[PDB]
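Written below as structure tokens is the structure these notes are about.
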Amino acid sequence: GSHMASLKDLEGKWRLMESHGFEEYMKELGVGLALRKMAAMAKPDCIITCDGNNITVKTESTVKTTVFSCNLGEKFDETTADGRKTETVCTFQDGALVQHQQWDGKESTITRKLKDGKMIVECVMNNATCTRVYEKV
Ligand SMILES: [K+]
């Protein structure tokens, strides 16, 4: 039952092909209605790059840019696209980029995994999971 994954196959630019439950996970995060339904109308490209241990995930909408960098495993502060201020940590575990965010008791996860050349992106907050499929541009 052999598998292997490596951080660098997630490198490249990723077009959103698909989405299930996004608007709800965002409601769970406390995303205001305007940014919630507007965010869903945006078809953003996820752009991932890495320099060894150091990773950068960029999110581009036509009208915004949010971006973070980090050495994997080290806690770092994050300005999420919706204004949340989290203490984030990124690891590569079980063949996936894992982004754990913590903010005021509450917390969330975003896992990014290469699967058949597609990047599968599942977000989880307090039992509200979303999945979004990006294709390689
Ligand atoms: K690992």
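Each chain in the structure tokens gets a letter, A, B, ..., in the order shown, and its residues are numbered from 1; ligands are numbered from 1 in order too.
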
- Task: List all protein, DNA and RNA residues that have an atom no more than 7 Å from any atom of ligand 1, counting only C-alpha atoms and all ligand atoms, and report them as a PyMOL selection string.
- Result: chain A and resi 91-94

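Counting only C-alpha atoms, residue 30 (chain A) has the following residues at most 12 Å away, ignoring those fewer than 3 positions along the same chain: residues 23, 24, 25, 26, 27, 33, 34, 35, 36, 82, 83, 84, 103, 106, 107, 108, 125 and 126 of chain A.
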
Restricting the output to N, CA, C and O atoms, write the selected residues as an mmCIF file, in the first residue's frame.
data_model
loop_
_atom_site.group_PDB
_atom_site.id
_atom_site.type_symbol
_atom_site.label_atom_id
_atom_site.label_comp_id
_atom_site.auth_asym_id
_atom_site.auth_seq_id
_atom_site.Cartn_x
_atom_site.Cartn_y
_atom_site.Cartn_z
ATOM 1 N N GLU A 23 -18.960 28.593 1.130
ATOM 2 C CA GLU A 23 -19.694 29.685 1.768
ATOM 3 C C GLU A 23 -20.062 29.376 3.223
ATOM 4 O O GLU A 23 -20.209 30.289 4.040
ATOM 5 N N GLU A 24 -20.185 28.088 3.544
ATOM 6 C CA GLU A 24 -20.554 27.651 4.893
ATOM 7 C C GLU A 24 -19.378 27.608 5.870
ATOM 8 O O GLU A 24 -19.501 28.042 7.015
ATOM 9 N N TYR A 25 -18.249 27.063 5.421
ATOM 10 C CA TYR A 25 -17.026 27.089 6.211
ATOM 11 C C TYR A 25 -16.680 28.533 6.564
ATOM 12 O O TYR A 25 -16.260 28.822 7.684
ATOM 13 N N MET A 26 -16.872 29.440 5.609
ATOM 14 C CA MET A 26 -16.642 30.865 5.834
ATOM 15 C C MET A 26 -17.615 31.480 6.836
ATOM 16 O O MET A 26 -17.228 32.324 7.630
ATOM 17 N N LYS A 27 -18.877 31.065 6.792
ATOM 18 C CA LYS A 27 -19.829 31.455 7.830
ATOM 19 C C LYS A 27 -19.338 30.997 9.203
ATOM 20 O O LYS A 27 -19.457 31.725 10.184
ATOM 21 N N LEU A 33 -21.109 38.753 5.697
ATOM 22 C CA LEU A 33 -21.874 38.334 4.524
ATOM 23 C C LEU A 33 -21.313 38.813 3.181
ATOM 24 O O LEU A 33 -21.202 38.030 2.237
ATOM 25 N N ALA A 34 -20.977 40.096 3.096
ATOM 26 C CA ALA A 34 -20.440 40.677 1.863
ATOM 27 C C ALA A 34 -19.166 39.973 1.393
ATOM 28 O O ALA A 34 -19.083 39.529 0.248
ATOM 29 N N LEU A 35 -18.176 39.870 2.276
ATOM 30 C CA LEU A 35 -16.931 39.190 1.939
ATOM 31 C C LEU A 35 -17.147 37.692 1.713
ATOM 32 O O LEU A 35 -16.365 37.047 1.018
ATOM 33 N N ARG A 36 -18.211 37.149 2.305
ATOM 34 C CA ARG A 36 -18.548 35.730 2.187
ATOM 35 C C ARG A 36 -19.088 35.390 0.802
ATOM 36 O O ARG A 36 -18.592 34.490 0.132
ATOM 37 N N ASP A 82 -9.783 37.377 5.189
ATOM 38 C CA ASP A 82 -10.972 37.942 5.836
ATOM 39 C C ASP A 82 -10.657 38.798 7.074
ATOM 40 O O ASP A 82 -11.565 39.239 7.785
ATOM 41 N N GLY A 83 -9.372 39.022 7.327
ATOM 42 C CA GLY A 83 -8.955 39.916 8.391
ATOM 43 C C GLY A 83 -8.589 39.243 9.697
ATOM 44 O O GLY A 83 -8.074 39.905 10.602
ATOM 45 N N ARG A 84 -8.856 37.941 9.809
ATOM 46 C CA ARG A 84 -8.501 37.193 11.019
ATOM 47 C C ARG A 84 -7.005 37.300 11.282
ATOM 48 O O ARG A 84 -6.201 37.368 10.348
ATOM 49 N N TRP A 103 -6.999 31.081 16.502
ATOM 50 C CA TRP A 103 -7.424 32.441 16.793
ATOM 51 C C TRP A 103 -8.535 32.396 17.840
ATOM 52 O O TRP A 103 -9.611 31.840 17.594
ATOM 53 N N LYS A 106 -11.003 29.499 18.943
ATOM 54 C CA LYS A 106 -11.436 28.876 17.699
ATOM 55 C C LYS A 106 -10.212 28.584 16.864
ATOM 56 O O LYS A 106 -9.160 29.181 17.071
ATOM 57 N N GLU A 107 -10.350 27.670 15.916
ATOM 58 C CA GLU A 107 -9.246 27.350 15.029
ATOM 59 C C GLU A 107 -9.703 26.571 13.805
ATOM 60 O O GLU A 107 -10.814 26.032 13.762
ATOM 61 N N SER A 108 -8.826 26.515 12.810
ATOM 62 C CA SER A 108 -9.173 25.984 11.502
ATOM 63 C C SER A 108 -7.980 25.272 10.871
ATOM 64 O O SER A 108 -6.829 25.464 11.277
ATOM 65 N N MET A 125 -13.414 23.914 9.816
ATOM 66 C CA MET A 125 -13.584 24.698 11.026
ATOM 67 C C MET A 125 -14.675 24.062 11.878
ATOM 68 O O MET A 125 -15.802 23.882 11.416
ATOM 69 N N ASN A 126 -14.346 23.599 13.074
ATOM 70 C CA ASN A 126 -15.382 23.238 14.028
ATOM 71 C C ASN A 126 -16.471 22.362 13.414
ATOM 72 O O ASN A 126 -17.653 22.549 13.701
#

- Task: Apply DSSP to the structure's backbone, then extract all residues of chain A labelled strand (DSSP E) and return them as number ranges by chain.
- Result: A: 12-20, 45-51, 54-61, 64-71, 76-79, 85-93, 96-103, 106-115, 118-125, 128-136

Compile a residue-level contact table for region 88-135 of chain A against region 53-77 of chain A at a cut-off of 10 Å, reporting for every qualifying residue the shortest atom pair and its distance in Å to one decimal, with only C-alpha atoms counted, rows ordered by chain and ascending number, as a Markdown table.
| residue | atom | partner | partner_atom | distance |
| --- | --- | --- | --- | --- |
| A:88 | CA | A:76 | CA | 5.3 |
| A:89 | CA | A:75 | CA | 4.8 |
| A:90 | CA | A:72 | CA | 5.2 |
| A:91 | CA | A:72 | CA | 5.2 |
| A:92 | CA | A:72 | CA | 7.6 |
| A:97 | CA | A:72 | CA | 9.5 |
| A:98 | CA | A:72 | CA | 9.7 |
| A:99 | CA | A:72 | CA | 9.8 |
| A:100 | CA | A:75 | CA | 9.6 |
| A:101 | CA | A:77 | CA | 9.1 |
| A:102 | CA | A:77 | CA | 9.6 |

Output N, CA and C atoms for every residue in that selection, as a PDB file, in the first residue's frame.
ATOM      1  N   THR A  88      -0.349  30.793  12.888  1.00  0.00           N
ATOM      2  CA  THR A  88      -0.382  29.679  11.951  1.00  0.00           C
ATOM      3  C   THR A  88       0.868  28.809  12.051  1.00  0.00           C
ATOM      4  N   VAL A  89       0.738  27.555  11.629  1.00  0.00           N
ATOM      5  CA  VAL A  89       1.884  26.671  11.436  1.00  0.00           C
ATOM      6  C   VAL A  89       1.644  25.786  10.211  1.00  0.00           C
ATOM      7  N   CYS A  90       2.620  25.751   9.308  1.00  0.00           N
ATOM      8  CA  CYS A  90       2.537  24.904   8.124  1.00  0.00           C
ATOM      9  C   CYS A  90       3.489  23.723   8.208  1.00  0.00           C
ATOM     10  N   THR A  91       2.941  22.537   7.998  1.00  0.00           N
ATOM     11  CA  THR A  91       3.742  21.326   7.915  1.00  0.00           C
ATOM     12  C   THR A  91       3.377  20.540   6.666  1.00  0.00           C
ATOM     13  N   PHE A  92       4.260  19.628   6.276  1.00  0.00           N
ATOM     14  CA  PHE A  92       3.941  18.661   5.246  1.00  0.00           C
ATOM     15  C   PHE A  92       3.818  17.296   5.923  1.00  0.00           C
ATOM     16  N   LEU A  97       0.258  19.371   2.393  1.00  0.00           N
ATOM     17  CA  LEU A  97       0.498  20.644   3.051  1.00  0.00           C
ATOM     18  C   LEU A  97      -0.634  20.873   4.048  1.00  0.00           C
ATOM     19  N   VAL A  98      -0.282  21.038   5.315  1.00  0.00           N
ATOM     20  CA  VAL A  98      -1.286  21.289   6.333  1.00  0.00           C
ATOM     21  C   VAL A  98      -1.093  22.697   6.891  1.00  0.00           C
ATOM     22  N   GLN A  99      -2.163  23.477   6.902  1.00  0.00           N
ATOM     23  CA  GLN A  99      -2.090  24.806   7.465  1.00  0.00           C
ATOM     24  C   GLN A  99      -3.074  24.925   8.612  1.00  0.00           C
ATOM     25  N   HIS A 100      -2.528  24.848   9.816  1.00  0.00           N
ATOM     26  CA  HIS A 100      -3.303  24.978  11.031  1.00  0.00           C
ATOM     27  C   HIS A 100      -3.280  26.431  11.523  1.00  0.00           C
ATOM     28  N   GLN A 101      -4.461  27.022  11.688  1.00  0.00           N
ATOM     29  CA  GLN A 101      -4.573  28.381  12.210  1.00  0.00           C
ATOM     30  C   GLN A 101      -5.296  28.348  13.550  1.00  0.00           C
ATOM     31  N   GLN A 102      -4.837  29.177  14.483  1.00  0.00           N
ATOM     32  CA  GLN A 102      -5.496  29.329  15.778  1.00  0.00           C
ATOM     33  C   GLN A 102      -5.774  30.802  16.072  1.00  0.00           C
TER      34      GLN A 102
END

- Message: Could you list, as a list in words, every residue within 6 Å of region 3-15 of chain A, counting only C-alpha atoms and ignoring same-chain residues fewer than 2 positions away?
- Response: residues 45, 46, 47, 48, 49, 95, 134, 135, 136 and 137 of chain A

Write out as a PDB file with C-alpha atoms, in the first residue's frame all residues of chain A that DSSP puts in helix (DSSP H, G or I) for this structure's backbone.
ATOM      1  CA  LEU A   7       6.309  19.318  -0.769  1.00  0.00           C
ATOM      2  CA  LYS A   8       7.442  20.429  -4.251  1.00  0.00           C
ATOM      3  CA  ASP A   9       4.786  18.733  -6.425  1.00  0.00           C
ATOM      4  CA  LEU A  10       2.379  21.387  -5.078  1.00  0.00           C
ATOM      5  CA  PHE A  22     -17.084  27.067   0.848  1.00  0.00           C
ATOM      6  CA  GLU A  23     -19.694  29.685   1.768  1.00  0.00           C
ATOM      7  CA  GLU A  24     -20.554  27.651   4.893  1.00  0.00           C
ATOM      8  CA  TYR A  25     -17.026  27.089   6.211  1.00  0.00           C
ATOM      9  CA  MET A  26     -16.642  30.865   5.834  1.00  0.00           C
ATOM     10  CA  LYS A  27     -19.829  31.455   7.830  1.00  0.00           C
ATOM     11  CA  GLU A  28     -18.236  29.234  10.492  1.00  0.00           C
ATOM     12  CA  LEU A  29     -15.085  31.438  10.455  1.00  0.00           C
ATOM     13  CA  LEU A  33     -21.874  38.334   4.524  1.00  0.00           C
ATOM     14  CA  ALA A  34     -20.440  40.677   1.863  1.00  0.00           C
ATOM     15  CA  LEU A  35     -16.931  39.190   1.939  1.00  0.00           C
ATOM     16  CA  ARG A  36     -18.548  35.730   2.187  1.00  0.00           C
ATOM     17  CA  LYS A  37     -20.708  35.828  -0.925  1.00  0.00           C
ATOM     18  CA  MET A  38     -18.244  38.023  -2.811  1.00  0.00           C
ATOM     19  CA  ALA A  39     -15.425  35.578  -1.999  1.00  0.00           C
ATOM     20  CA  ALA A  40     -17.496  32.791  -3.585  1.00  0.00           C
ATOM     21  CA  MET A  41     -17.945  34.706  -6.842  1.00  0.00           C
TER      22      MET A  41
END
